[PDB]
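Notes to accompany the following structure.
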Amino acid sequence: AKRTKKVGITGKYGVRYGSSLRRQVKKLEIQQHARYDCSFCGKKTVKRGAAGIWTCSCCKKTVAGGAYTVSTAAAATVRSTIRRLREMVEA
Amino acid sequence: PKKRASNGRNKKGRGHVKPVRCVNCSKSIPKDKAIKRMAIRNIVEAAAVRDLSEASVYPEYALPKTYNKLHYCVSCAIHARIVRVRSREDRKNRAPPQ
Amino acid sequence: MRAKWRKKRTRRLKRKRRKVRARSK
Amino acid sequence: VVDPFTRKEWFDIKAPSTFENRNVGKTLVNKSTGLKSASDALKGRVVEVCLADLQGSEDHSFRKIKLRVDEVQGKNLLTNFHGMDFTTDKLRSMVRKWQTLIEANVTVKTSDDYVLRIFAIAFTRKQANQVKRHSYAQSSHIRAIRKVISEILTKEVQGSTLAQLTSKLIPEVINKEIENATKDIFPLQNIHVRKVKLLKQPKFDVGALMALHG
Amino acid sequence: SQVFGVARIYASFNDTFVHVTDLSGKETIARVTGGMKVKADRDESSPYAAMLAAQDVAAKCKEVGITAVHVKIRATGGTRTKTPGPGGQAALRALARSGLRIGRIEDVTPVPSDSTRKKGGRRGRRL
Amino acid sequence: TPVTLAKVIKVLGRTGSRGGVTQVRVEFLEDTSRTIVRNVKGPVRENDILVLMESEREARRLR
Amino acid sequence: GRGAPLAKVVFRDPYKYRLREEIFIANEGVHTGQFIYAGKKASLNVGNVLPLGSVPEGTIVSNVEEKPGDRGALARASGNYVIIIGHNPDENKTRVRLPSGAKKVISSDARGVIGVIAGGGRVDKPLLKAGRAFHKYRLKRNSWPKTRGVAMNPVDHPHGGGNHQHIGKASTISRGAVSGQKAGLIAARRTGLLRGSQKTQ
RNA sequence: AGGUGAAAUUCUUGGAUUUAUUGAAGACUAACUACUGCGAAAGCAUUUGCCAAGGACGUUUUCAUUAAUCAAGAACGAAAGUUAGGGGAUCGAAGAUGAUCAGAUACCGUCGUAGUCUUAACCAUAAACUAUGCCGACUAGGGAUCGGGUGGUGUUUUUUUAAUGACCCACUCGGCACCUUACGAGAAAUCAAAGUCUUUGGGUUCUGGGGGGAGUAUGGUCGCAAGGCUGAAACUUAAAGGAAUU
RNA sequence: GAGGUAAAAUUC
Ligand SMILES: [Mg+2]
Ligand SMILES: [Mg+2]
Ligand SMILES: [Mg+2]
Ligand SMILES: [Mg+2]
Ligand SMILES: [Mg+2]
Ligand SMILES: [Mg+2]
Ligand SMILES: [Mg+2]
Ligand SMILES: [Mg+2]
Ligand SMILES: [Mg+2]
Ligand SMILES: [Mg+2]
Ligand SMILES: [Mg+2]
Ligand SMILES: [Mg+2]
Ligand SMILES: [Mg+2]
Ligand SMILES: [Mg+2]
Ligand SMILES: [Mg+2]
Ligand SMILES: [Mg+2]
Ligand SMILES: [Mg+2]
Ligand SMILES: [Mg+2]
Ligand SMILES: [Mg+2]
Ligand SMILES: [Mg+2]
Ligand SMILES: [Mg+2]
Ligand SMILES: [Mg+2]
Ligand SMILES: [Mg+2]
Ligand SMILES: [Mg+2]
Ligand SMILES: [Mg+2]
Ligand SMILES: [Mg+2]
Ligand SMILES: [Mg+2]
Ligand SMILES: [Mg+2]
Ligand SMILES: [Mg+2]
Ligand SMILES: [Mg+2]
Ligand SMILES: [Mg+2]
Ligand SMILES: [Mg+2]
Ligand SMILES: [Mg+2]
Ligand SMILES: [Mg+2]
Ligand SMILES: [Mg+2]
Ligand SMILES: [Mg+2]
Ligand SMILES: [Mg+2]
Ligand SMILES: [Mg+2]
Ligand SMILES: [Zn+2]
Ligand SMILES: [Zn+2]
């Protein structure tokens, strides 16, 4: 049963705080409070800790990541870059 | 009405290919719509070849040729005497005039 | 006249008309 | 108001010994005084000259060699190979209508630390007793021909020095080796060594420059 | 017996640049433009003003000692009309007759794989 | 100023807006192996010796 | 007070048997239990600290030092990085690209950890209420709130006073002024809304 | 020096324009490029690698008709535009100036934002045109070409004859097309399809009923906005419009 | 196989 039409999670704030501000907060609270996949155990048991801390519910692993997501788009081109440069050192 | 067959260009079932720019008036035009003139020339004129053979220090020398491919739009190929309006029956002649 | 600048004439006619309508509601 | 031509001094150009006819020409450099002397003003000056003069023959009038100045001794400078570039009128005579243009490039280091990038242009040949005019490639042989070219270009380079690579481009030995491994794939024509430029020189080894002049 | 240089005749529209340089290209001697000879600002690309500009360059090379030259015709190039002007053929004929020695005529027009969108607008320049 | 003579060997025709300029290929008397087309004004026959003020000048088409 | 999380990277003392525990700045992609290598001959992996003289050009690094020995000065906030844009074999210099866009050359003996710093996208969320601005700034200093200097008395700010809310003089005060005059736009080379580009540096 | 039909504005021993040595920045992919290829369309031209997808052909393989066309609805959808970052070299809606001109808010010259680029979302209209729904069958000859395949008393590359590849000839499918014709069709221009249609029925979807007022009003819905979709009436006119000839 | 080229000109 979908109760609210379009506000979803940012409907807690009510009428205030503008419209275009709460739309951007909605974009960074769905990704913030999401249950992510773990790279180590494989289970979807990743819970956000503090701003940048991404703990896992099982096996007790903690991965440092972005402020509102696990792997941002800025670090997605960093890891792909080190993958390219490491192949040129070993060959 | 429809006075032609492809009506502007040489596109047969593509929709859109490439826009190019004219050389006379900088008009954007599709590549198959702009007519082409491979205006091949010698690097010197016919009157400057006599004085260049006397000023050359070389016994024999091959004359260079300046090759260039330059396009024209429809509006600046008719004002310049490049193409001309033809009769209704002679539109279909696609052979180059000799 | 040209059918595009009659279209934009009626286009700015819409924005001017519904603005007067929106300030009387 | 004074004419600067009395201040300038003539310095001749002496090419290395990978070919004949060393004498290229002369330059104009100011006199060896203070305030940025003439020895520091000749730290690198390329000379874009065709190799048709140093060879004598006129079948190589489309190949220009860059000559960078490195060492000056006794009113006489010494130079080294800097790059090879074709003339502009030759490439425009190469490219025709109704044929397929194939270009390939590779980055390869020599025996010593010379980082140079060589270019290779090659066209499609219209075979004898052929009815059709264009003879285009299949556009998958082009991936296969340039795999053969990039293997041969990394065989002459990375197997010899620069002086063994400089004295090999004039007899077009590379251009024959490309033809000898492509005729089983497609009939080609006009295989060339279009460009080569040096990206980095390693050191100040004098013994490699003086061995090219004596 | 002959000392050499390069001339680098830049034959654009509404001007003609002729300045003979050395084989290294750093040093330039005897720069004479087409606009120096005519007080009109219209005949700067004329064949007349290009021949007076070319003979002024070769009259100074006799004072220096430059007897031979490797001329280089050059249009504007790039995103421009890429065609040599009327004063390019006039510059080749003038300094050749005047006493210099011509060797290896060639062309150095800058022609790219095209980019940096050509000036004039989409729909074109018009009058 | 120097003087330079030229003999008419071939005539091309009238070229101009109003039709008063004739394209004439003259041959020099001091050089019997070199010719330059010039634009003249008045009535020109063949084998006429003209007086040129400028020796080297290539004639174009007037429009 | 920091947008970036810390890291209890523990080391061993090579000269006496003990466990010296140090505090780094956690990069994005590191985890608890990762073998963090620290040295010149270490490999090029995410999370390790290396000198800039043993890395190639284009390595996205962070926590880079100005001079070798100050234990980490530049590029320390959350989600920031520098780019080595060139090396110099002579007199061991290394040219880097600072996050402001200032291309400045430093020594090759300075150190830097590989990868971007964890905590990116922190200022991309609208910090909506003033209560979230309260609990943010109460852990830093007493700089919140900020009263406008026009609205206060002439004794309280050089802009205040008058029967209206206006500054009165130019807000661009030169660098060579003394304290008490430096308000508003201190030594501005340009003012107004940016309707240009980033042409220089 | 820049520039135009001709000019001026602008830049110039502060040594410009030009010449060489480089370096940085983004953008784009010239010539090759073709009555030529691919994709449902919009569209897609540098190299190589990775990740999947598709047509055509070949098949003495399989399932057994599972199909055809499509309200409502969904995916994609040039350019311009909108929101938030990065980029911001050129070009450059606004705008400022220089001329032309009776006037010139223009055409031309110069400078220059927004924009052009990209990521993450929106919008979703184009002369989005082949102005021509899709599926199936039949009706006419000819020369080319692309992709696959099959036959040669074939040619060339050859190390010892080969096998391939390229090419030629013959044939056959699936293409983008073209040329000559009119038995046919159309008001005609023209059309292998717009043909097989008063000797007017193969299956099927959408739209139109004189020109205006109207793609307007109102209502509903979608969108951040600009807007998109759905969509009249009063009233007014007898002509509007198509092709072709002089 | 290459062969010149842009002023202004409004209404009944
Ligand atoms: Mg018409
Ligand atoms: Mg289209
Ligand atoms: Mg009316
Ligand atoms: Mg009100
Ligand atoms: Mg403009
Ligand atoms: Mg006109
Ligand atoms: Mg920090
Ligand atoms: Mg504070
Ligand atoms: Mg306080
Ligand atoms: Mg404030
Ligand atoms: Mg504030
Ligand atoms: Mg305040
Ligand atoms: Mg008060
Ligand atoms: Mg005050
Ligand atoms: Mg105020
Ligand atoms: Mg004050
Ligand atoms: Mg700025
Ligand atoms: Mg290309
Ligand atoms: Mg529908
Ligand atoms: Mg778009
Ligand atoms: Mg910009
Ligand atoms: Mg304006
Ligand atoms: Mg005015
Ligand atoms: Mg205005
Ligand atoms: Mg204007
Ligand atoms: Mg529509
Ligand atoms: Mg069309
Ligand atoms: Mg339609
Ligand atoms: Mg047929
Ligand atoms: Mg028929
Ligand atoms: Mg009706
Ligand atoms: Mg409608
Ligand atoms: Mg409505
Ligand atoms: Mg409505
Ligand atoms: Mg919005
Ligand atoms: Mg609406
Ligand atoms: Mg009616
Ligand atoms: Mg008529
Ligand atoms: Zn886990
Ligand atoms: Zn044009």
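As shown in the structure tokens, the chain order sets the letters A, B, ...; within each chain, residues go from 1, and ligands are also counted from 1 in the order they appear.
Taking only C-alpha atoms (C1' of nucleotides) and all ligand atoms into account, every polymer residue with at least one atom at most 7 Å away from ligand 2 is listed here: residues 15 and 16 of chain B; 128 of chain H.
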Suppose we keep C-alpha atoms (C1' of nucleotides); can you now write the selection as a PDB file, in the first residue's frame?
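Output file result35.pdb follows:
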```
ATOM      1  CA  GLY B  15      18.210   9.317 -41.860  1.00  0.00           C
ATOM      2  CA  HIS B  16      21.266  11.364 -40.872  1.00  0.00           C
TER       3      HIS B  16
ATOM      4  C1'   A H 128      11.193  13.207 -36.206  1.00  0.00           C
TER       5        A H 128
END
```
Enumerate as a count of residues only the residues belonging to chain D that approach chain H to within 8 Å, with only C-alpha atoms (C1' of nucleotides) taken into account. 22
Name the residues, by chain letter and number, that sit within 9 Å of ligand 15 using only C-alpha atoms (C1' of nucleotides) and all ligand atoms, and give them as a short mmCIF file (atom, residue, chain, number, x, y, z; two decimals) with N, CA, C and O atoms, in the first residue's frame.
```
data_model
loop_
_atom_site.label_atom_id
_atom_site.label_comp_id
_atom_site.auth_asym_id
_atom_site.auth_seq_id
_atom_site.Cartn_x
_atom_site.Cartn_y
_atom_site.Cartn_z
N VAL G 150 25.61 45.03 8.59
CA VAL G 150 24.80 46.20 8.27
C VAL G 150 23.76 46.43 9.36
O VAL G 150 23.51 47.57 9.78
N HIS G 164 18.68 53.33 6.77
CA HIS G 164 18.35 52.20 5.92
C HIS G 164 19.39 51.11 6.13
O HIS G 164 20.34 51.26 6.90
N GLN G 165 19.20 49.98 5.44
CA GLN G 165 20.15 48.88 5.48
C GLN G 165 21.01 48.94 4.22
O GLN G 165 20.68 48.37 3.18
N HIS G 166 22.12 49.65 4.33
CA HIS G 166 23.06 49.79 3.22
C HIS G 166 24.47 49.86 3.78
O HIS G 166 24.68 50.21 4.95
N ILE G 167 25.44 49.52 2.93
CA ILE G 167 26.84 49.51 3.35
C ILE G 167 27.36 50.94 3.44
O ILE G 167 27.82 51.39 4.50
#
```
For residue 27 (chain A), work out the shell of residues within 9 Å, counting only C-alpha atoms (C1' of nucleotides) and skipping chain neighbours fewer than 5 positions away, then give it as a VMD selection string. (chain A and resid 22 32) or (chain G and resid 125)
Select residues of chain F: the criterion is any atom within 12 Å of an atom of chain B, counting only C-alpha atoms; output as an mmCIF file with N, CA and C atoms, in the first residue's frame.
```cif
data_model
loop_
_atom_site.group_PDB
_atom_site.id
_atom_site.type_symbol
_atom_site.label_atom_id
_atom_site.label_comp_id
_atom_site.auth_asym_id
_atom_site.auth_seq_id
_atom_site.Cartn_x
_atom_site.Cartn_y
_atom_site.Cartn_z
ATOM 1 N N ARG F 25 48.859 39.125 -75.934
ATOM 2 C CA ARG F 25 50.068 38.413 -75.528
ATOM 3 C C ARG F 25 51.246 38.990 -76.304
ATOM 4 N N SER F 33 62.397 34.379 -76.263
ATOM 5 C CA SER F 33 61.948 33.082 -75.769
ATOM 6 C C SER F 33 61.113 33.216 -74.500
ATOM 7 N N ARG F 34 60.428 34.344 -74.321
ATOM 8 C CA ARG F 34 59.642 34.586 -73.118
ATOM 9 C C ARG F 34 58.572 35.619 -73.439
ATOM 10 N N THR F 35 57.328 35.326 -73.065
ATOM 11 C CA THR F 35 56.206 36.198 -73.375
ATOM 12 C C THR F 35 55.323 36.364 -72.145
ATOM 13 N N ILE F 36 54.648 37.512 -72.073
ATOM 14 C CA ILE F 36 53.767 37.871 -70.961
ATOM 15 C C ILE F 36 52.509 38.479 -71.571
ATOM 16 N N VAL F 37 51.345 37.959 -71.189
ATOM 17 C CA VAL F 37 50.067 38.521 -71.617
ATOM 18 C C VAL F 37 49.847 39.835 -70.875
ATOM 19 N N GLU F 56 57.628 43.216 -65.543
ATOM 20 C CA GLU F 56 56.991 42.017 -65.013
ATOM 21 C C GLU F 56 55.642 42.356 -64.378
ATOM 22 N N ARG F 57 54.565 41.993 -65.075
ATOM 23 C CA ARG F 57 53.202 42.172 -64.588
ATOM 24 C C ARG F 57 52.258 41.240 -65.335
ATOM 25 N N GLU F 58 51.635 40.304 -64.627
ATOM 26 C CA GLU F 58 50.717 39.371 -65.265
ATOM 27 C C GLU F 58 49.321 39.978 -65.324
ATOM 28 N N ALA F 59 48.706 39.922 -66.501
ATOM 29 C CA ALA F 59 47.400 40.534 -66.704
ATOM 30 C C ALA F 59 46.291 39.571 -66.300
#
```
Surrounding residues as a VMD selection string, ligand 36, max 9 Å, only C-alpha atoms (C1' of nucleotides) and all ligand atoms: chain H and resid 221 to 223 227 to 228
Atoms kept (N, CA, C and O atoms (P, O5', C5', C4', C3', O3' and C1' of nucleotides)) for selection, written as a PDB file, in the first residue's frame:
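The file below, selection_12.pdb, is the result:
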```
ATOM      1  P     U H 221      -6.847  16.284 -12.542  1.00  0.00           P
ATOM      2  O5'   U H 221      -5.674  15.607 -13.379  1.00  0.00           O
ATOM      3  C5'   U H 221      -5.691  14.215 -13.657  1.00  0.00           C
ATOM      4  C4'   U H 221      -4.727  13.859 -14.761  1.00  0.00           C
ATOM      5  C3'   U H 221      -3.274  14.238 -14.524  1.00  0.00           C
ATOM      6  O3'   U H 221      -2.586  13.322 -13.692  1.00  0.00           O
ATOM      7  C1'   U H 221      -3.916  14.886 -16.706  1.00  0.00           C
ATOM      8  P     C H 222      -1.412  13.842 -12.726  1.00  0.00           P
ATOM      9  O5'   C H 222      -0.161  14.008 -13.697  1.00  0.00           O
ATOM     10  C5'   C H 222       0.416  12.880 -14.336  1.00  0.00           C
ATOM     11  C4'   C H 222       1.418  13.287 -15.388  1.00  0.00           C
ATOM     12  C3'   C H 222       2.528  14.221 -14.935  1.00  0.00           C
ATOM     13  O3'   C H 222       3.572  13.558 -14.247  1.00  0.00           O
ATOM     14  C1'   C H 222       1.639  14.978 -16.995  1.00  0.00           C
ATOM     15  P     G H 223       4.307  14.283 -13.015  1.00  0.00           P
ATOM     16  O5'   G H 223       5.161  15.439 -13.701  1.00  0.00           O
ATOM     17  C5'   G H 223       6.290  15.129 -14.505  1.00  0.00           C
ATOM     18  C4'   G H 223       6.905  16.370 -15.100  1.00  0.00           C
ATOM     19  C3'   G H 223       7.186  17.507 -14.133  1.00  0.00           C
ATOM     20  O3'   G H 223       8.374  17.327 -13.384  1.00  0.00           O
ATOM     21  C1'   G H 223       6.112  18.362 -16.048  1.00  0.00           C
ATOM     22  P     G H 227       5.146  28.290 -22.609  1.00  0.00           P
ATOM     23  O5'   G H 227       5.493  27.120 -23.630  1.00  0.00           O
ATOM     24  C5'   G H 227       4.581  26.059 -23.862  1.00  0.00           C
ATOM     25  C4'   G H 227       5.250  24.718 -23.730  1.00  0.00           C
ATOM     26  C3'   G H 227       4.416  23.520 -24.153  1.00  0.00           C
ATOM     27  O3'   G H 227       4.433  23.297 -25.552  1.00  0.00           O
ATOM     28  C1'   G H 227       5.325  23.107 -22.028  1.00  0.00           C
ATOM     29  P     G H 228       3.099  22.824 -26.313  1.00  0.00           P
ATOM     30  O5'   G H 228       3.028  21.260 -26.025  1.00  0.00           O
ATOM     31  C5'   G H 228       4.063  20.395 -26.468  1.00  0.00           C
ATOM     32  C4'   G H 228       3.889  18.999 -25.929  1.00  0.00           C
ATOM     33  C3'   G H 228       2.550  18.338 -26.208  1.00  0.00           C
ATOM     34  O3'   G H 228       2.464  17.790 -27.510  1.00  0.00           O
ATOM     35  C1'   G H 228       3.115  18.038 -23.937  1.00  0.00           C
TER      36        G H 228
END
```
Which residues of chain H have any atom within 8 Å of an atom in ligand 19 when counting only C-alpha atoms (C1' of nucleotides) and all ligand atoms, and what is the closest pair of atoms for each, with the distance in Å to one decimal? Order the rows by chain and rising number and write it as JSON lines.
```
{"residue": "H:71", "atom": "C1'", "partner": "ligand 19", "partner_atom_place_in_ligand_line": "1 (Mg)", "distance": 7.2}
{"residue": "H:72", "atom": "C1'", "partner": "ligand 19", "partner_atom_place_in_ligand_line": "1 (Mg)", "distance": 7.5}
{"residue": "H:73", "atom": "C1'", "partner": "ligand 19", "partner_atom_place_in_ligand_line": "1 (Mg)", "distance": 7.8}
```
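The binding environment of ligand 22, defined as every protein, DNA or RNA residue with an atom no more than 10 Å away and counting only C-alpha atoms (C1' of nucleotides) and all ligand atoms, comprises residues 93, 94, 95, 96, 97, 105 and 106 of chain H.
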List the neighbours of residue 214 (chain H) out to 12 Å using only C-alpha atoms (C1' of nucleotides); skip same-chain residues closer than 2 positions along the sequence, and give me the result as number ranges by chain. C: 7, 10; H: 212, 216-217, 231-233
Could the residues that lie within 9 Å of ligand 5, counting only C-alpha atoms (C1' of nucleotides) and all ligand atoms, be listed as a ChimeraX atom specification? /E:120-121 /H:92,108-109
Just write the chosen residues, N, CA and C atoms (P, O5', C5', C4', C3', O3' and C1' of nucleotides), as a PDB file, in the first residue's frame.
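This went into selection.pdb:
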```pdb
ATOM      1  N   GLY E 120      31.265  31.774 -38.614  1.00  0.00           N
ATOM      2  CA  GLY E 120      30.322  32.192 -39.631  1.00  0.00           C
ATOM      3  C   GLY E 120      28.893  31.810 -39.307  1.00  0.00           C
ATOM      4  N   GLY E 121      28.714  31.012 -38.258  1.00  0.00           N
ATOM      5  CA  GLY E 121      27.400  30.535 -37.886  1.00  0.00           C
ATOM      6  C   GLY E 121      27.034  29.257 -38.611  1.00  0.00           C
TER       7      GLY E 121
ATOM      8  P     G H  92      30.542  32.901 -34.352  1.00  0.00           P
ATOM      9  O5'   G H  92      29.523  32.888 -33.127  1.00  0.00           O
ATOM     10  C5'   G H  92      28.228  32.318 -33.256  1.00  0.00           C
ATOM     11  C4'   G H  92      27.598  32.061 -31.908  1.00  0.00           C
ATOM     12  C3'   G H  92      27.183  33.290 -31.115  1.00  0.00           C
ATOM     13  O3'   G H  92      25.928  33.813 -31.514  1.00  0.00           O
ATOM     14  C1'   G H  92      28.390  31.824 -29.714  1.00  0.00           C
ATOM     15  P     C H 108      25.731  38.249 -41.186  1.00  0.00           P
ATOM     16  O5'   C H 108      26.822  39.327 -41.608  1.00  0.00           O
ATOM     17  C5'   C H 108      27.505  39.219 -42.846  1.00  0.00           C
ATOM     18  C4'   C H 108      28.390  40.411 -43.097  1.00  0.00           C
ATOM     19  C3'   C H 108      29.497  40.633 -42.081  1.00  0.00           C
ATOM     20  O3'   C H 108      30.628  39.811 -42.303  1.00  0.00           O
ATOM     21  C1'   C H 108      28.376  42.675 -42.482  1.00  0.00           C
ATOM     22  P     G H 109      31.326  39.058 -41.067  1.00  0.00           P
ATOM     23  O5'   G H 109      32.126  40.213 -40.320  1.00  0.00           O
ATOM     24  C5'   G H 109      33.170  40.912 -40.980  1.00  0.00           C
ATOM     25  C4'   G H 109      33.750  41.997 -40.110  1.00  0.00           C
ATOM     26  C3'   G H 109      34.119  41.593 -38.693  1.00  0.00           C
ATOM     27  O3'   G H 109      35.368  40.928 -38.619  1.00  0.00           O
ATOM     28  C1'   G H 109      32.930  43.634 -38.650  1.00  0.00           C
TER      29        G H 109
END
```
How would you write, as a PDB file with C-alpha atoms (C1' of nucleotides), in the first residue's frame, the set of residues no farther than 12 Å from ligand 29 when counting only C-alpha atoms (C1' of nucleotides) and all ligand atoms?
```pdb
ATOM      1  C1'   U H 139       2.647  -9.052 -61.940  1.00  0.00           C
ATOM      2  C1'   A H 140       8.984  -6.759 -66.317  1.00  0.00           C
ATOM      3  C1'   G H 141      13.083  -6.593 -68.459  1.00  0.00           C
ATOM      4  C1'   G H 142      18.557  -4.663 -67.821  1.00  0.00           C
ATOM      5  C1'   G H 143      23.344  -3.297 -65.704  1.00  0.00           C
ATOM      6  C1'   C H 178      19.284   2.667 -59.830  1.00  0.00           C
ATOM      7  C1'   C H 179      18.221   2.663 -65.275  1.00  0.00           C
ATOM      8  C1'   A H 192       7.817  -1.762 -59.934  1.00  0.00           C
TER       9        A H 192
END
```
Using only C-alpha atoms (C1' of nucleotides), select each residue of chain H with any atom at most 9 Å away from an atom of chain B, and give the selection as number ranges by chain. H: 31, 35, 42-44, 130, 176-177, 189-190, 243
Export of prior selection with C-alpha atoms (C1' of nucleotides) as a PDB file, in the first residue's frame:
```
ATOM      1  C1'   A H  31      41.524  13.574 -46.784  1.00  0.00           C
ATOM      2  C1'   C H  35      23.172   6.843 -56.022  1.00  0.00           C
ATOM      3  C1'   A H  42      16.532   9.303 -33.060  1.00  0.00           C
ATOM      4  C1'   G H  43      21.216   8.086 -34.920  1.00  0.00           C
ATOM      5  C1'   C H  44      26.205   5.916 -35.394  1.00  0.00           C
ATOM      6  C1'   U H 130      10.635   8.226 -48.219  1.00  0.00           C
ATOM      7  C1'   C H 176      20.612  -0.020 -49.992  1.00  0.00           C
ATOM      8  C1'   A H 177      19.353   1.378 -54.530  1.00  0.00           C
ATOM      9  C1'   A H 189       3.641  15.910 -61.715  1.00  0.00           C
ATOM     10  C1'   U H 190       4.920  10.985 -61.658  1.00  0.00           C
ATOM     11  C1'   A H 243      -1.000  19.566 -60.451  1.00  0.00           C
TER      12        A H 243
END
```
May I have the residues within 10 Å of ligand 38, computed using only C-alpha atoms (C1' of nucleotides) and all ligand atoms, as a VMD selection string? chain H and resid 244 to 246
Mind dumping the selected residues with N, CA, C and O atoms (P, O5', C5', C4', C3', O3' and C1' of nucleotides) as a PDB file, in the first residue's frame?
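Printed below is part.pdb as written:
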```pdb
ATOM      1  P     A H 244       3.633  20.237 -61.710  1.00  0.00           P
ATOM      2  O5'   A H 244       2.966  20.626 -63.103  1.00  0.00           O
ATOM      3  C5'   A H 244       2.900  19.691 -64.171  1.00  0.00           C
ATOM      4  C4'   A H 244       1.891  20.108 -65.213  1.00  0.00           C
ATOM      5  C3'   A H 244       2.231  21.358 -66.011  1.00  0.00           C
ATOM      6  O3'   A H 244       3.116  21.109 -67.089  1.00  0.00           O
ATOM      7  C1'   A H 244       0.021  21.525 -65.216  1.00  0.00           C
ATOM      8  P     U H 245       4.070  22.281 -67.635  1.00  0.00           P
ATOM      9  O5'   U H 245       3.130  23.125 -68.605  1.00  0.00           O
ATOM     10  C5'   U H 245       2.604  22.548 -69.790  1.00  0.00           C
ATOM     11  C4'   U H 245       1.630  23.473 -70.474  1.00  0.00           C
ATOM     12  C3'   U H 245       2.142  24.867 -70.797  1.00  0.00           C
ATOM     13  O3'   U H 245       2.934  24.912 -71.970  1.00  0.00           O
ATOM     14  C1'   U H 245      -0.011  25.015 -69.826  1.00  0.00           C
ATOM     15  P     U H 246       4.136  25.970 -72.089  1.00  0.00           P
ATOM     16  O5'   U H 246       3.406  27.354 -72.390  1.00  0.00           O
ATOM     17  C5'   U H 246       2.734  27.570 -73.621  1.00  0.00           C
ATOM     18  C4'   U H 246       1.866  28.801 -73.568  1.00  0.00           C
ATOM     19  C3'   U H 246       2.572  30.106 -73.234  1.00  0.00           C
ATOM     20  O3'   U H 246       3.240  30.685 -74.339  1.00  0.00           O
ATOM     21  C1'   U H 246       0.584  29.926 -71.961  1.00  0.00           C
TER      22        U H 246
END
```
Those of chain D in DSSP strand (DSSP E), formatted as a ChimeraX atom specification: /D:8-14,23-30,48-50,63-72,77-86,101-109,115-124,188-189,195-200
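Nearest residue to chain A among H:199, H:119, H:207, H:82 is H:119, counting only C-alpha atoms (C1' of nucleotides).
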Which parts of chain C does DSSP call helix (DSSP H, G or I) when run on the backbone here, written out as number ranges by chain? C: 5-22
Write down, as a PyMOL selection string, each residue of chain B that has any atom within 10 Å of an atom of chain I, counting only C-alpha atoms (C1' of nucleotides). chain B and resi 39-42+45-46+79-81
